[PDB]
>>> print(open('target-v2.txt').read())   # compact mmCIF, N, CA and C atoms
# COMPACT_ATOMS: atom_id res chain seq x y z
N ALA A 1 8.92 -11.17 -3.06
CA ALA A 1 7.74 -12.01 -2.83
C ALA A 1 7.10 -11.66 -1.49
N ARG A 2 7.75 -11.99 -0.37
CA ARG A 2 7.08 -11.79 0.94
C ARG A 2 6.65 -10.34 1.15
N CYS A 3 7.27 -9.40 0.45
CA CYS A 3 6.98 -7.95 0.64
C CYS A 3 5.86 -7.44 -0.28
N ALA A 4 5.16 -8.34 -0.94
CA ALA A 4 4.02 -7.95 -1.78
C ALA A 4 2.74 -8.04 -0.94
N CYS A 5 2.63 -7.15 0.02
CA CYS A 5 1.50 -7.21 0.96
C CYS A 5 1.05 -5.79 1.31
N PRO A 6 -0.23 -5.61 1.67
CA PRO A 6 -0.74 -4.28 1.91
C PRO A 6 -0.21 -3.60 3.18
N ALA A 7 -0.15 -2.27 3.16
CA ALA A 7 0.31 -1.52 4.34
C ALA A 7 -0.42 -0.19 4.44
N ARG A 8 -0.57 0.31 5.64
CA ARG A 8 -1.30 1.57 5.87
C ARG A 8 -0.51 2.76 5.34
N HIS A 9 -1.18 3.56 4.54
CA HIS A 9 -0.61 4.79 3.99
C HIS A 9 -1.26 5.99 4.65
N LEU A 10 -0.72 7.17 4.42
CA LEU A 10 -1.31 8.42 4.93
C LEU A 10 -2.11 9.08 3.80
N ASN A 11 -3.21 9.71 4.16
CA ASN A 11 -4.03 10.46 3.20
C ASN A 11 -3.73 11.96 3.31
N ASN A 12 -4.36 12.75 2.46
CA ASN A 12 -4.20 14.21 2.46
C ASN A 12 -5.48 14.91 1.97
N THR A 13 -5.57 16.20 2.19
CA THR A 13 -6.71 17.03 1.75
C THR A 13 -6.33 17.70 0.43
N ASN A 14 -5.17 17.35 -0.14
CA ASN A 14 -4.63 18.00 -1.36
C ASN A 14 -5.13 17.35 -2.65
N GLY A 15 -5.82 16.23 -2.57
CA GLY A 15 -6.32 15.54 -3.77
C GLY A 15 -5.26 14.72 -4.49
N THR A 16 -4.22 14.34 -3.79
CA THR A 16 -3.10 13.59 -4.39
C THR A 16 -3.06 12.15 -3.86
N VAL A 17 -2.27 11.31 -4.52
CA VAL A 17 -2.14 9.90 -4.12
C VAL A 17 -1.84 9.77 -2.64
N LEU A 18 -2.29 8.67 -2.08
CA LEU A 18 -1.90 8.32 -0.71
C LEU A 18 -0.39 8.05 -0.75
N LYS A 19 0.27 8.26 0.37
CA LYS A 19 1.73 8.07 0.42
C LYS A 19 2.14 7.34 1.71
N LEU A 20 3.20 6.57 1.62
CA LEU A 20 3.74 5.84 2.78
C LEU A 20 4.41 6.78 3.77
N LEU A 21 4.24 6.49 5.05
CA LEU A 21 4.98 7.23 6.09
C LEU A 21 6.37 6.60 6.14
N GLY A 22 7.36 7.33 5.66
CA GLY A 22 8.69 6.73 5.52
C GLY A 22 8.72 5.78 4.33
N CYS A 23 9.69 4.90 4.29
CA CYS A 23 9.86 4.00 3.14
C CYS A 23 9.90 2.53 3.60
N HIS A 24 9.47 2.28 4.83
CA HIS A 24 9.47 0.90 5.38
C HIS A 24 8.08 0.48 5.85
N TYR A 25 7.81 -0.80 5.76
CA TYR A 25 6.50 -1.34 6.18
C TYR A 25 6.66 -2.80 6.63
N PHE A 26 5.71 -3.24 7.44
CA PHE A 26 5.73 -4.62 7.95
C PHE A 26 4.41 -5.31 7.62
N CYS A 27 4.51 -6.39 6.89
CA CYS A 27 3.32 -7.23 6.63
C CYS A 27 3.82 -8.64 6.32
N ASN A 28 2.94 -9.63 6.37
CA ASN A 28 3.32 -11.05 6.15
C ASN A 28 4.57 -11.37 6.98
N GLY A 29 4.58 -10.95 8.24
CA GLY A 29 5.70 -11.25 9.14
C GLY A 29 7.04 -10.83 8.59
N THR A 30 7.09 -9.69 7.89
CA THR A 30 8.34 -9.27 7.23
C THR A 30 8.52 -7.74 7.26
N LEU A 31 9.72 -7.29 7.58
CA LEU A 31 10.02 -5.84 7.54
C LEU A 31 10.44 -5.55 6.10
N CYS A 32 9.76 -4.65 5.44
CA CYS A 32 9.98 -4.45 4.00
C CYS A 32 10.34 -3.01 3.68
N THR A 33 10.96 -2.80 2.53
CA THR A 33 11.26 -1.44 2.05
C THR A 33 10.46 -1.20 0.75
N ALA A 34 9.87 -0.03 0.64
CA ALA A 34 9.16 0.35 -0.58
C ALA A 34 10.14 0.45 -1.76
N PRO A 35 9.66 0.26 -2.99
CA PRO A 35 10.52 0.41 -4.15
C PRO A 35 10.99 1.86 -4.39
N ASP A 36 12.15 1.99 -4.99
CA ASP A 36 12.69 3.32 -5.35
C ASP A 36 11.68 4.04 -6.24
N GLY A 37 11.47 5.32 -6.00
CA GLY A 37 10.46 6.08 -6.75
C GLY A 37 9.11 6.14 -6.06
N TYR A 38 8.94 5.37 -5.00
CA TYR A 38 7.65 5.32 -4.27
C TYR A 38 7.35 6.62 -3.53
N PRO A 39 6.14 7.15 -3.73
CA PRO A 39 5.73 8.36 -3.06
C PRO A 39 5.63 8.14 -1.54
N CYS A 40 6.27 9.02 -0.78
CA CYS A 40 6.29 8.92 0.70
C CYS A 40 6.20 10.27 1.42
N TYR A 41 5.91 10.22 2.71
CA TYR A 41 5.94 11.43 3.55
C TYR A 41 7.14 11.33 4.51
N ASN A 42 7.93 12.38 4.57
CA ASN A 42 9.09 12.44 5.47
C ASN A 42 8.73 13.38 6.63
N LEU A 43 8.31 12.80 7.74
CA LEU A 43 7.90 13.61 8.89
C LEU A 43 8.99 13.69 9.95
N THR A 44 9.08 14.84 10.59
CA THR A 44 10.02 15.01 11.72
C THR A 44 9.51 14.20 12.91
N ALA A 45 10.41 13.81 13.77
CA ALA A 45 10.05 13.09 15.00
C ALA A 45 8.90 13.79 15.73
N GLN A 46 8.95 15.12 15.78
CA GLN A 46 7.91 15.89 16.50
C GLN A 46 6.60 15.80 15.72
N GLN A 47 6.67 15.90 14.41
CA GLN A 47 5.45 15.79 13.57
C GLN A 47 4.80 14.40 13.77
N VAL A 48 5.63 13.36 13.89
CA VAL A 48 5.10 11.98 14.03
C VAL A 48 4.40 11.85 15.38
N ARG A 49 4.99 12.44 16.40
CA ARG A 49 4.41 12.41 17.76
C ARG A 49 3.00 13.00 17.76
N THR A 50 2.70 13.94 16.86
CA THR A 50 1.39 14.63 16.87
C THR A 50 0.50 14.17 15.71
N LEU A 51 0.97 13.23 14.90
CA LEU A 51 0.18 12.72 13.76
C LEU A 51 -1.17 12.19 14.25
N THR A 52 -2.24 12.69 13.66
CA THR A 52 -3.60 12.28 14.07
C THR A 52 -4.53 12.01 12.88
N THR A 53 -5.82 11.98 13.15
CA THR A 53 -6.86 11.67 12.15
C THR A 53 -7.25 12.92 11.33
N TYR A 54 -6.63 14.05 11.60
CA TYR A 54 -6.85 15.29 10.83
C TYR A 54 -5.52 16.01 10.62
N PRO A 55 -5.43 16.83 9.56
CA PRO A 55 -4.22 17.58 9.29
C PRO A 55 -3.91 18.62 10.39
N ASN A 56 -2.67 18.68 10.85
CA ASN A 56 -2.24 19.65 11.90
C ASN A 56 -0.77 20.03 11.72
N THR A 57 -0.22 19.83 10.53
CA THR A 57 1.18 20.19 10.23
C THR A 57 1.40 20.12 8.72
N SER A 58 2.41 20.81 8.25
CA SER A 58 2.77 20.73 6.83
C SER A 58 3.65 19.49 6.65
N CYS A 59 3.18 18.56 5.84
CA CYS A 59 3.90 17.27 5.63
C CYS A 59 4.81 17.31 4.39
N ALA A 60 6.07 16.95 4.59
CA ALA A 60 7.07 16.91 3.51
C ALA A 60 6.87 15.70 2.60
N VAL A 61 6.50 15.96 1.37
CA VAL A 61 6.38 14.89 0.37
C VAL A 61 7.78 14.48 -0.07
N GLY A 62 7.96 13.21 -0.34
CA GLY A 62 9.24 12.68 -0.77
C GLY A 62 9.14 11.50 -1.70
N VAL A 63 10.29 10.99 -2.09
CA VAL A 63 10.39 9.82 -2.99
C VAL A 63 11.37 8.85 -2.32
N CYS A 64 10.97 7.59 -2.23
CA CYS A 64 11.81 6.57 -1.58
C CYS A 64 13.02 6.24 -2.43
N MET A 65 14.18 6.29 -1.82
CA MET A 65 15.43 5.90 -2.47
C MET A 65 16.25 5.14 -1.43
N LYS A 66 16.46 3.87 -1.66
CA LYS A 66 17.21 2.97 -0.75
C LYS A 66 16.75 3.13 0.70
N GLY A 67 15.44 3.15 0.93
CA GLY A 67 14.90 3.19 2.30
C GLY A 67 14.84 4.56 2.91
N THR A 68 15.22 5.57 2.16
CA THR A 68 15.16 6.97 2.64
C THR A 68 14.08 7.75 1.88
N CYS A 69 13.22 8.46 2.59
CA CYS A 69 12.22 9.34 1.96
C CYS A 69 12.90 10.68 1.64
N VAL A 70 13.34 10.83 0.40
CA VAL A 70 14.02 12.07 -0.08
C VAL A 70 12.99 13.15 -0.37
N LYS A 71 12.97 14.17 0.45
CA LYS A 71 12.01 15.29 0.30
C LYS A 71 12.17 15.98 -1.07
N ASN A 72 11.06 16.28 -1.72
CA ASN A 72 11.05 16.87 -3.08
C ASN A 72 10.66 18.36 -3.07
N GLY A 73 10.39 18.94 -1.90
CA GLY A 73 9.97 20.34 -1.80
C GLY A 73 8.48 20.56 -1.64
N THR A 74 7.68 19.62 -2.12
CA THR A 74 6.20 19.74 -2.03
C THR A 74 5.74 19.46 -0.59
N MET A 75 4.78 20.25 -0.11
CA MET A 75 4.20 20.06 1.24
C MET A 75 2.70 19.77 1.12
N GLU A 76 2.19 18.90 1.99
CA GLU A 76 0.77 18.54 1.94
C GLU A 76 0.16 18.43 3.34
N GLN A 77 -1.15 18.51 3.41
CA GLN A 77 -1.89 18.37 4.68
C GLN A 77 -2.20 16.88 4.86
N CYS A 78 -1.24 16.14 5.44
CA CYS A 78 -1.37 14.67 5.60
C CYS A 78 -2.09 14.31 6.91
N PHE A 79 -2.61 13.11 6.96
CA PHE A 79 -3.35 12.62 8.14
C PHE A 79 -3.50 11.10 8.01
N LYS A 80 -3.80 10.47 9.14
CA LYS A 80 -3.95 9.01 9.20
C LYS A 80 -5.43 8.65 9.34
N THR A 81 -5.79 7.47 8.88
CA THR A 81 -7.18 6.99 8.92
C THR A 81 -7.17 5.52 9.32
N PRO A 82 -7.69 5.18 10.51
CA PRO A 82 -7.75 3.80 10.98
C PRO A 82 -8.86 2.96 10.34
N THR B 1 -12.62 6.56 2.61
CA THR B 1 -11.50 6.29 1.67
C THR B 1 -10.44 5.40 2.37
N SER B 2 -10.39 4.12 2.04
CA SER B 2 -9.41 3.17 2.65
C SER B 2 -7.97 3.60 2.36
N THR B 3 -7.11 3.50 3.36
CA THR B 3 -5.74 3.94 3.14
C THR B 3 -4.76 2.78 3.07
N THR B 4 -5.26 1.56 2.88
CA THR B 4 -4.44 0.37 2.70
C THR B 4 -4.03 0.25 1.24
N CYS B 5 -2.73 0.19 0.98
CA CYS B 5 -2.20 0.17 -0.40
C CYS B 5 -1.08 -0.86 -0.56
N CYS B 6 -0.83 -1.27 -1.79
CA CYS B 6 0.23 -2.24 -2.11
C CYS B 6 1.44 -1.52 -2.71
N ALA B 7 2.58 -1.58 -2.03
CA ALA B 7 3.82 -0.93 -2.50
C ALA B 7 4.52 -1.79 -3.55
N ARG B 8 4.31 -3.10 -3.50
CA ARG B 8 4.96 -4.06 -4.42
C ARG B 8 3.93 -5.10 -4.83
N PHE B 9 4.16 -5.76 -5.95
CA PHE B 9 3.23 -6.78 -6.47
C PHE B 9 3.91 -8.14 -6.46
N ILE B 10 3.13 -9.19 -6.33
CA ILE B 10 3.67 -10.55 -6.46
C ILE B 10 4.18 -10.65 -7.89
N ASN B 11 5.39 -11.14 -8.06
CA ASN B 11 5.99 -11.16 -9.42
C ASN B 11 5.29 -12.16 -10.33
N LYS B 12 5.07 -13.38 -9.84
CA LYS B 12 4.56 -14.47 -10.71
C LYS B 12 3.10 -14.83 -10.49
N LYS B 13 2.60 -15.70 -11.35
CA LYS B 13 1.20 -16.15 -11.24
C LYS B 13 1.12 -17.15 -10.11
N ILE B 14 0.03 -17.12 -9.38
CA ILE B 14 -0.17 -18.09 -8.28
C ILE B 14 -1.28 -19.02 -8.72
N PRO B 15 -1.01 -20.33 -8.74
CA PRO B 15 -2.05 -21.28 -9.06
C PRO B 15 -3.29 -21.10 -8.16
N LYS B 16 -4.47 -21.16 -8.74
CA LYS B 16 -5.71 -20.93 -7.98
C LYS B 16 -5.82 -21.91 -6.81
N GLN B 17 -5.28 -23.11 -6.98
CA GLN B 17 -5.31 -24.13 -5.91
C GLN B 17 -4.65 -23.57 -4.65
N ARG B 18 -3.78 -22.59 -4.81
CA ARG B 18 -3.01 -22.04 -3.66
C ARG B 18 -3.72 -20.83 -3.04
N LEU B 19 -4.83 -20.41 -3.62
CA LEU B 19 -5.48 -19.16 -3.16
C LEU B 19 -6.83 -19.40 -2.49
N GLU B 20 -7.16 -18.56 -1.51
CA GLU B 20 -8.46 -18.60 -0.85
C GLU B 20 -9.45 -17.72 -1.63
N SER B 21 -10.67 -17.57 -1.13
CA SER B 21 -11.73 -16.79 -1.82
C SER B 21 -11.67 -15.32 -1.39
N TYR B 22 -10.63 -14.95 -0.65
CA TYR B 22 -10.48 -13.55 -0.17
C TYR B 22 -10.16 -12.64 -1.34
N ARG B 23 -10.65 -11.41 -1.26
CA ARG B 23 -10.33 -10.40 -2.30
C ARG B 23 -10.78 -9.00 -1.85
N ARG B 24 -9.88 -8.04 -1.92
CA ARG B 24 -10.25 -6.64 -1.64
C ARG B 24 -9.53 -5.79 -2.69
N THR B 25 -10.22 -4.83 -3.26
CA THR B 25 -9.58 -3.91 -4.21
C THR B 25 -9.08 -2.75 -3.36
N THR B 26 -7.88 -2.26 -3.64
CA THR B 26 -7.35 -1.08 -2.93
C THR B 26 -7.90 0.20 -3.54
N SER B 27 -7.83 1.29 -2.80
CA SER B 27 -8.31 2.60 -3.28
C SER B 27 -7.67 2.99 -4.60
N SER B 28 -8.42 3.73 -5.40
CA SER B 28 -7.90 4.26 -6.66
C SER B 28 -6.88 5.35 -6.33
N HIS B 29 -6.86 5.81 -5.09
CA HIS B 29 -5.94 6.86 -4.62
C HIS B 29 -4.56 6.29 -4.24
N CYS B 30 -4.42 4.97 -4.26
CA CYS B 30 -3.13 4.32 -3.96
C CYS B 30 -2.12 4.63 -5.08
N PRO B 31 -0.83 4.76 -4.75
CA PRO B 31 0.18 4.96 -5.78
C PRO B 31 0.14 3.87 -6.87
N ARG B 32 -0.19 2.64 -6.52
CA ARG B 32 -0.23 1.52 -7.49
C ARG B 32 -1.53 0.74 -7.33
N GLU B 33 -2.29 0.62 -8.41
CA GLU B 33 -3.57 -0.13 -8.39
C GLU B 33 -3.33 -1.60 -8.11
N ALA B 34 -4.01 -2.12 -7.10
CA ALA B 34 -3.78 -3.52 -6.72
C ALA B 34 -5.03 -4.21 -6.22
N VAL B 35 -5.05 -5.51 -6.36
CA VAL B 35 -6.13 -6.32 -5.76
C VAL B 35 -5.42 -7.21 -4.74
N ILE B 36 -6.00 -7.35 -3.58
CA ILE B 36 -5.40 -8.19 -2.52
C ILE B 36 -6.06 -9.58 -2.50
N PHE B 37 -5.25 -10.61 -2.63
CA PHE B 37 -5.71 -12.01 -2.50
C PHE B 37 -5.07 -12.63 -1.26
N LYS B 38 -5.59 -13.78 -0.83
CA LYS B 38 -4.95 -14.51 0.28
C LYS B 38 -4.62 -15.94 -0.15
N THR B 39 -3.45 -16.41 0.25
CA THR B 39 -3.06 -17.81 0.02
C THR B 39 -3.68 -18.72 1.08
N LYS B 40 -3.72 -20.01 0.79
CA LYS B 40 -4.24 -21.02 1.75
C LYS B 40 -3.36 -21.03 3.00
N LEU B 41 -2.18 -20.41 2.96
CA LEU B 41 -1.31 -20.24 4.15
C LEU B 41 -1.67 -18.91 4.84
N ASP B 42 -2.74 -18.25 4.43
CA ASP B 42 -3.24 -16.99 5.04
C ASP B 42 -2.29 -15.80 4.81
N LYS B 43 -1.44 -15.87 3.81
CA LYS B 43 -0.61 -14.69 3.48
C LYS B 43 -1.38 -13.77 2.53
N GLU B 44 -1.50 -12.50 2.89
CA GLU B 44 -2.12 -11.52 1.96
C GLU B 44 -1.09 -11.26 0.88
N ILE B 45 -1.53 -11.17 -0.36
CA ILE B 45 -0.62 -10.96 -1.51
C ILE B 45 -1.20 -9.87 -2.43
N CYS B 46 -0.36 -8.91 -2.81
CA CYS B 46 -0.77 -7.81 -3.70
C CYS B 46 -0.61 -8.26 -5.15
N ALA B 47 -1.64 -8.04 -5.95
CA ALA B 47 -1.62 -8.50 -7.35
C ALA B 47 -1.92 -7.36 -8.32
N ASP B 48 -1.20 -7.33 -9.43
CA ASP B 48 -1.42 -6.31 -10.48
C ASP B 48 -2.67 -6.65 -11.28
N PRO B 49 -3.75 -5.89 -11.13
CA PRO B 49 -5.02 -6.22 -11.81
C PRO B 49 -4.99 -6.05 -13.34
N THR B 50 -3.87 -5.64 -13.93
CA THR B 50 -3.73 -5.52 -15.38
C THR B 50 -3.13 -6.77 -16.03
N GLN B 51 -2.45 -7.61 -15.24
CA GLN B 51 -2.17 -9.01 -15.60
C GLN B 51 -3.35 -10.00 -15.71
N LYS B 52 -3.42 -10.74 -16.82
CA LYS B 52 -4.61 -11.60 -17.10
C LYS B 52 -4.85 -12.72 -16.07
N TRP B 53 -3.81 -13.31 -15.51
CA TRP B 53 -4.01 -14.30 -14.42
C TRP B 53 -4.91 -13.71 -13.34
N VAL B 54 -4.69 -12.45 -12.98
CA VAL B 54 -5.45 -11.81 -11.88
C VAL B 54 -6.88 -11.65 -12.34
N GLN B 55 -7.04 -11.16 -13.56
CA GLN B 55 -8.39 -10.96 -14.14
C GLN B 55 -9.11 -12.31 -14.20
N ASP B 56 -8.38 -13.35 -14.58
CA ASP B 56 -9.02 -14.69 -14.67
C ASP B 56 -9.52 -15.12 -13.29
N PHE B 57 -8.71 -14.92 -12.25
CA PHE B 57 -9.09 -15.39 -10.90
C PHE B 57 -10.29 -14.61 -10.38
N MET B 58 -10.29 -13.29 -10.60
CA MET B 58 -11.38 -12.43 -10.08
C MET B 58 -12.70 -12.91 -10.71
N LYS B 59 -12.64 -13.25 -11.99
CA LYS B 59 -13.85 -13.77 -12.68
C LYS B 59 -14.22 -15.11 -12.05
N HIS B 60 -13.21 -15.97 -11.86
CA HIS B 60 -13.47 -17.32 -11.31
C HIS B 60 -14.15 -17.16 -9.95
N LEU B 61 -13.84 -16.11 -9.21
CA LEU B 61 -14.39 -15.98 -7.84
C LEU B 61 -15.83 -15.47 -7.87
N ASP B 62 -16.19 -14.77 -8.93
CA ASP B 62 -17.59 -14.30 -9.10
C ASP B 62 -18.44 -15.49 -9.56
N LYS B 63 -17.89 -16.33 -10.44
CA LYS B 63 -18.64 -17.47 -11.01
C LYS B 63 -18.86 -18.52 -9.93
N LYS B 64 -18.13 -18.43 -8.83
CA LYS B 64 -18.26 -19.48 -7.83
C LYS B 64 -19.65 -19.49 -7.19
>>> encode(input="target-v2.txt", output="structure tokens")
Amino acid sequence: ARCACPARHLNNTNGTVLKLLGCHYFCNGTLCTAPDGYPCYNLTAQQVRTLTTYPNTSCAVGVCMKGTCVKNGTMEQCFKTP
Amino acid sequence: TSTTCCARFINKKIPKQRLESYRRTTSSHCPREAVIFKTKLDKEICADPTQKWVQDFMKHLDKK
């Protein structure tokens, strides 16, 4: 219930669905985990430090499983949009 | 292209008496199609727009 709330996702230039950064989000005063199977981006600490409004790194696509973004091999040009 | 998306949906129907007139549709690019409503307690709630309760409320909000 409390975790049915909107959260900021990352976009890409690849023409694919938006994806969560990691598998966790905070909304409605609650720390939440995305459902298993949820499309996500698994970024390295260094990649996160440089994450901006335009693509500047190859982003690891993944699938959320028990709060972990399991990388699937696919890479995308991800970016954030405020 | 808005990047706000709903990862989970409210499981049950919410009585209209409990909802405000707020409503935003999320991008078609979101992993899961959702409409965002707000409760009178100001909680944003993600709703599955393929459930009829949601369709009924969206209509009710246009007729207002």
>>> atom_distance(input="target-v2.txt", atom1="atom C of residue A:51", atom2="atom CA of residue B:43")
29.0 Å
>>> atom_distance(input="target-v2.txt", atom1="atom C of residue A:34", atom2="atom CA of residue B:10")
13.6 Å
>>> interface_residues(input="target-v2.txt", of="chain B", to="chain A", cutoff="7 Å", atoms="all atoms listed in the file", output="PyMOL selection string")
chain B and resi 3-11+28-31+43-47
>>> atom_distance(input="target-v2.txt", atom1="atom N of residue A:36", atom2="atom CA of residue B:13")
22.1 Å
>>> residues_around(input="target-v2.txt", residues="residue A:56", least_positions_apart="6", cutoff="7 Å", atoms="all atoms listed in the file", output="ChimeraX atom specification")
/A:77-79
>>> residues_around(input="target-v2.txt", residues="stretch 20-25 of chain B", least_positions_apart="3", cutoff="10 Å", atoms="only C-alpha atoms", output="PyMOL selection string")
chain B and resi 2+4-5+16-17+28+33-47+49+57-58+60-62+64
>>> residues_around(input="target-v2.txt", residues="residue A:59", least_positions_apart="2", cutoff="6.5 Å", atoms="all atoms listed in the file", output="PyMOL selection string")
chain A and resi 41-43+57+61+74-78
>>> select_by_dssp(input="target-v2.txt", residues="chain B", states="alpha helix (DSSP H)", output="PyMOL selection string")
chain B and resi 52-63
>>> select_by_dssp(input="target-v2.txt", residues="chain A", states="strand (DSSP E or B)", output="JSON, numbers by chain")
{"A": [6, 7, 8, 10, 11, 12, 19, 20, 21, 24, 25, 26, 27, 30, 31, 32, 33, 39, 40, 41, 42, 59, 60, 61, 62, 63, 64, 65, 68, 69, 70, 71, 72, 73, 74, 75, 76, 78, 79]}
